[PDB]
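J.: Below you'll find the structure I mean.
Number of protein chains: 2
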Amino acid sequence: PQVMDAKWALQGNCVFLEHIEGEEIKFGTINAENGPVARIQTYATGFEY
Amino acid sequence: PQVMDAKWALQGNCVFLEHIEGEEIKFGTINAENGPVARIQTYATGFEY
Numbered sequence: 045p046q047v048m049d050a051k052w053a054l055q056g057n058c059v060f061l062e063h064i065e066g067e068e069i070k071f072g073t074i075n076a077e078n079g080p081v082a083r084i085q086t087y088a089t090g091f092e093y
Numbered sequence: 045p046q047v048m049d050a051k052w053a054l055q056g057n058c059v060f061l062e063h064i065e066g067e068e069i070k071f072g073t074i075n076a077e078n079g080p081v082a083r084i085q086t087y088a089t090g091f092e093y
């Protein structure tokens, strides 16, 4: 194509926090990562004689 | 266990002093040495989707 769309990916997050006793476990989160975008030009010249 | 007990040991203390004749020999001593303590914790994390 004239312009190339961006790749996408999904990732998780979590941290192992200390749990003494009876502490409610904290919950993690997810996040999304996306790529860059590229496109192509047209170049052209000629002759006349 | 959650906590680990210390290692123990006995050793004898002694010293050689000069003995001019007729002097009474001096007696020694024992002592007890104990090691360190360690413990183990709990870490945790989770998700809720």
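Quick mapping for you: the protein sequence lines, in order, are chains F and K.
According to the deposited numbering, the first sequence is numbered sequentially starting from 45.
According to the deposited numbering, the second sequence is numbered sequentially starting from 45.
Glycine residues also receive a C-beta, built at the ideal position from the N, C-alpha and C atoms.
With DSSP as the reference, please indicate the residues paired to F:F71 in a beta bridge.
T.: Residue numbering aside, residue 71 of chain F sits at position 27 when the first sequence is read from its first letter. F:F71 is bridged to K:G90.
J.: For K:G90, return the contacting residues in chain F, with the cut-off set at a CB-CB distance below 9 Å.
T.: Indexing the second sequence from 1 puts residue 90 of chain K at position 46. Ordered by position in chain F, the residues that pass the 9 Å Cβ test against K:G90 are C58, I69, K70, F71, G72.
J.: Could you spell out where the beta strand (DSSP E) holding K:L61 opens and where it closes?
T.: Position 17 of the second sequence, counted from the first residue, corresponds to residue 61 of chain K. From DSSP, K:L61 is part of no beta strand (DSSP E); its letter is neither H nor E.
J.: Quick test of the definition: if touching needs 3 or more C-beta pairs under 8 Å, does the stretch 57-74 of chain F touch the stretch 55-64 of chain K?
T.: Not touching, per the Cβ criterion.
J.: For my contact list, F:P80 and F:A50 are in at a C-beta cut-off of 8 Å; report their separation, rounded to the angstrom.
T.: The residue given as residue 80 of chain F occupies position 36 in the first sequence. The residue given as residue 50 of chain F occupies position 6 in the first sequence. The pair is a contact, with the Cβ atoms about 6 Å apart (cut-off 8 Å).
J.: Quick one: is K:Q46 near chain F, going by C-beta distance under 7 Å?
T.: Position 2 of the second sequence, counting from 1, holds the residue named residue 46 of chain K. It does not; no Cβ of chain F falls within 7 Å.
J.: Have a look at F:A76 and K:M48 and give me their C-alpha separation to the nearest angstrom.
T.: Reading the first sequence from its first residue, position 32 is the one you call residue 76 of chain F. Reading the second sequence from its first residue, position 4 is the one you call residue 48 of chain K. Near 45 Å, if we compare the C-alpha coordinates of K:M48 and F:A76.
J.: For K:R83, which residues from the same chain have a beta carbon less than 8 Å from its beta carbon, with the 5 sequence-adjacent residues on both sides left out?
T.: Here residue 83 of chain K corresponds to residue number 39 of the second sequence, with the count starting at 1. So the qualifying residues of the chain are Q46, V47, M48.
J.: When you compare each of F:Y87, F:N78, F:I74 to K:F91 by their alpha carbons, which one comes out closest?
T.: Position 47 of the second sequence, counting from 1, holds the residue named residue 91 of chain K. Of the candidates F:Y87, F:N78, F:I74, the one whose C-alpha sits nearest the C-alpha of K:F91 is F:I74.
J.: Might you give, ordered along the chain, the residues of its own chain that have their beta carbon closer than 6 Å to the beta carbon of K:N78, omitting 5 neighbours on each side?
T.: Sequence index remark: in the second sequence, residue 78 of chain K carries index 34 (1-based). Counting only Cβ-Cβ distances below 6 Å, and skipping sequence neighbours, we find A50, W52.
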